[PDB]
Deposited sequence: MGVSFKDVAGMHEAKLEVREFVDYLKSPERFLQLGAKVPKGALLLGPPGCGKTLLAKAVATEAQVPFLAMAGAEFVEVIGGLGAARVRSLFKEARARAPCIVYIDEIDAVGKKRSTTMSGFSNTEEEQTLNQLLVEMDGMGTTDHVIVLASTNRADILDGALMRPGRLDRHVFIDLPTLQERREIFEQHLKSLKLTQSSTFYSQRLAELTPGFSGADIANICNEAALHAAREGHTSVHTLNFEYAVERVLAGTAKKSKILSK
């Protein structure tokens, strides 16, 4: 079994917001959801959440990187977009995930505009770039909504530390330490937090706190 909501720490408002897509994918049959933009800084769980939504609905997850688009080879991106959406229709219900953002873009707009009631695909698109909100993916009949996912708050950081201390079998006193690790890590992303824990795992079922603390102060300069 894959990434689920259990593996996604914090992000409580965003979980409430992708619920409608979980519900739709679980039984197509209100307005028909097409999908959503996940917006925010890197390493903050956009991809993890999109994977979790597929797992929760129990459907396939089909991904395309925004960097299979940028027109370097003529026609190639359009052709990959078409294959993607044809596989998605055949494997439906399912999630199509476009990670991290115009023949290739126009083809995507065509696939989306061409999505009717019968298709049962949800498109989740992620980006670090806010001005994507102003463009063609957010026009009527395309991506329905966006969800802003920011750097984790103190409490969210507590939860992310706890999740990763437990994934790495360092559960003993993980909750004792999580509070201070959170206080020490303003402006850290979930990825930064995962890297601290793993670096400390790479140095029995309890965190080496004094080392974790060292890596937090190192990473505070440059992560």
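Against the full deposited sequence, the model leaves out several stretches, namely 30-35, 108-126, 229-236, 257-262.
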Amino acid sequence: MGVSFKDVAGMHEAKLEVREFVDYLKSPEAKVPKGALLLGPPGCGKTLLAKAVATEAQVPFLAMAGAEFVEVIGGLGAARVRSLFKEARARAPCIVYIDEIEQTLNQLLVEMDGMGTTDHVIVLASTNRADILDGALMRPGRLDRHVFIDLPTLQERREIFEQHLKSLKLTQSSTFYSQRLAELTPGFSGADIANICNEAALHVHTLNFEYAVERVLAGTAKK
From here on, numbers count along this sequence of modelled residues.
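Stretches compared: 77-85, 111-119. Higher mean C-alpha B-factor in the entry: 111-119. A summary of the deposited B-factors shows that, of 161-169 and 65-73, the stretch with the larger mean C-alpha value is 65-73.
When all modelled residues of the chain are sorted by CA temperature factor, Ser27 is found within the highest third. Sorting the modelled residues of the chain by their CA temperature factor places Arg129 in the middle third. When the modelled residues of the chain are ordered by C-alpha B-factor, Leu143 sits in the middle third. Per-chain ranking of the deposited C-alpha B factor places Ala90 in the lowest third. Ranked by C-alpha B-factor against the other modelled residues of its chain, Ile98 falls in the middle third.
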